[PDB]
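In the form deposited in one PDB entry, a lone chain appears below as structure tokens.
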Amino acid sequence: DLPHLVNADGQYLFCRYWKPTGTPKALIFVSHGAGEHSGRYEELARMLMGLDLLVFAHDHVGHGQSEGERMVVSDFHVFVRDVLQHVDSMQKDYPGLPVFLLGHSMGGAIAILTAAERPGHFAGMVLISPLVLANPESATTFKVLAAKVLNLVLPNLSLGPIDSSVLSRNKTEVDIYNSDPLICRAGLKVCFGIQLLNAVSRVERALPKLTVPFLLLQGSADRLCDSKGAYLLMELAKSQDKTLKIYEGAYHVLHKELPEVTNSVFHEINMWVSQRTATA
């Protein structure tokens, strides 16, 4: 019924496309964060489509309108494999077009790992508060063994839900988040918590070989992805073209923050992609 793709595990992934009227100048894959879905990138995608980019996305397995037990994954690499499947199909239909990646939170870790798996393949990456660092209190050998032990008996045990007020200072956007039926607001399950720790460990190992151009957007008051991880990404990535923008006092969901922040975010992505699309 709906636009979709069938992944290597035989699971249906819901697909979304924002095709410009004329010939596309470039392709851009949108990778959403944990618990959310591709429908939340409607405004960003419309802005990008207005630059003559063909925007495409899928809801990651266990998210939005895609199949899978909610916010569970056999191995974090499944997300990367599925992005590469979708990118490869699009590129076959649009040969020679440059391909960009845009990712938020966990979607940002997926984008990093996707570009690290295919060096020199992506024209650029836009990262909005990417998941790159674990809280040191949750990554100790003791806490990892405790989580692994707990995983054996109660893999679906919830770590408790977050206070949705840490997502954005924009109260209306918090209320939109809280009433979207496609968002999973249930607490992080132990088994998925371990997969996010695998994602952070894999990101850290990938940075010395990451050469893709990137734009990194980060809020200074983000309680989910600490701003210190954005500074470490700027320092450790080997990319020759890297830009960081810090939004003072902003929370996690920068593209759904206070209008002053959101307008700047859209403008900065517009300018950065536009400058690297003319280059093609």
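Basically, rigid core = biggest C-alpha set you can superpose within 1.5 Å across the two forms. Note that residue numbering begins at 1 and tracks the sequence as displayed.
- Between 130 to 138 and 194 to 202, the higher mean Cα B-factor belongs to 130 to 138.
- In this entry, the higher average B-factor at the C-alpha atoms falls on 160 to 168, of the pair 160 to 168 and 103 to 111.
- Comparing C-alpha B-factors across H121, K148, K189, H86 in the deposited entry, the largest value falls on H121.
- The deposited CA B-factor of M271 belongs to the highest third of values across its chain.
- Among all modelled residues in its chain, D180 ranks in the lowest third by Cα B-factor.
- Remark: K256 belongs to the lowest third of its chain, ranked by C-alpha B-factor as recorded.
- Sort the modelled residues of the chain by CA B factor and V174 lands in the lowest third.
- Among all modelled residues in its chain, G249 ranks in the lowest third by Cα B-factor.
A second form of this protein, the form deposited in another entry, is not displayed here; the remarks below concern that form.
- For the set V72, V144, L188, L207, a Cα shift of at least 2 angstroms between this form and the one not shown, after rigid core superposition, holds for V144 and for no other residue.
- After superposition on the rigid core, the Cα atom of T172 is displaced by less than 2 Å between this form and the one not shown.
- Comparing the forms between this form and the one not shown, the C-alpha position of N135 differs by 2 angstroms or more, with the core used for superposition.
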